[PDB]
Amino acid sequence: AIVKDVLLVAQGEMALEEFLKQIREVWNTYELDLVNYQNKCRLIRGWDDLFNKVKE
């Protein structure tokens with residue numbers, strides 16, 4: 001019973017750690033979408049997607 005509860009706690013901790021690792025992977029592979037603007041600058045695109053990801 002105690003060992004089963006310890007294993008359940010470890011499983012929950014592993015689930016939380018896996019979710020944090022997934023978030024880390026998303027936020028170190030995520031990059032800004034740059035679009036050229038009349039051969040002067042590269043402006044950022046993807047505002048709704050970036051804001052939705054941050055909010056989620």
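In degrees between 0 and 90, to the nearest 10, how far off the longest principal axis of the chain does helix 2-29 point, with axes built from Cα atoms?
Between helix and principal axis, roughly 10 degrees.
Taking the chain on its own, what percent of its Cα-Cα pair distances exceed 13 Å?
Across the chain, Cα pairs with separations above 13 Å total 73 percent.
Give me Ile23, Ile2 sorted ascending by neighbouring Cβ count inside 10 Å, so fewest comes first.
Ranking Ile23, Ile2 by Cβ neighbours within 10 Å, fewest first, gives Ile2, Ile23.
With runs of 4+ DSSP H residues as the only contributors, calculate the mean residue ellipticity of the chain at 222 nm using -39,500 (n - 2.57) per run, divided by the residue total and rounded to the nearest 500.
Using -39500 (n - 2.57) per qualifying helix, the result is -22500 deg cm²/dmol.
Out of the chymotrypsin sites (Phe, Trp or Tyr not before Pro) in region 8-56, which ones are loop residues according to DSSP with at most 16 other C-beta atoms within 10 Å?
Sites meeting the loop and neighbour criteria: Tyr30.
Test of the criteria: in region 1-53, which trypsin sites (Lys or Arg not before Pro) are in a DSSP loop and have at most 16 other Cβ atoms within 10 angstrom of their Cβ?
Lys40
Could you tally up the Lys pairs in the chain with alpha carbons closer than 30 Å? Skip any pair fewer than 8 positions apart unless they're on separate chains.
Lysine pairs meeting the criterion: 4.
Laboratory data are not the source of any read-out in this text; all were calculated from the coordinates shown. Here the Cβ is made from the backbone with ideal geometry for all residues, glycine too, and neighbour counts use every protein chain on show.
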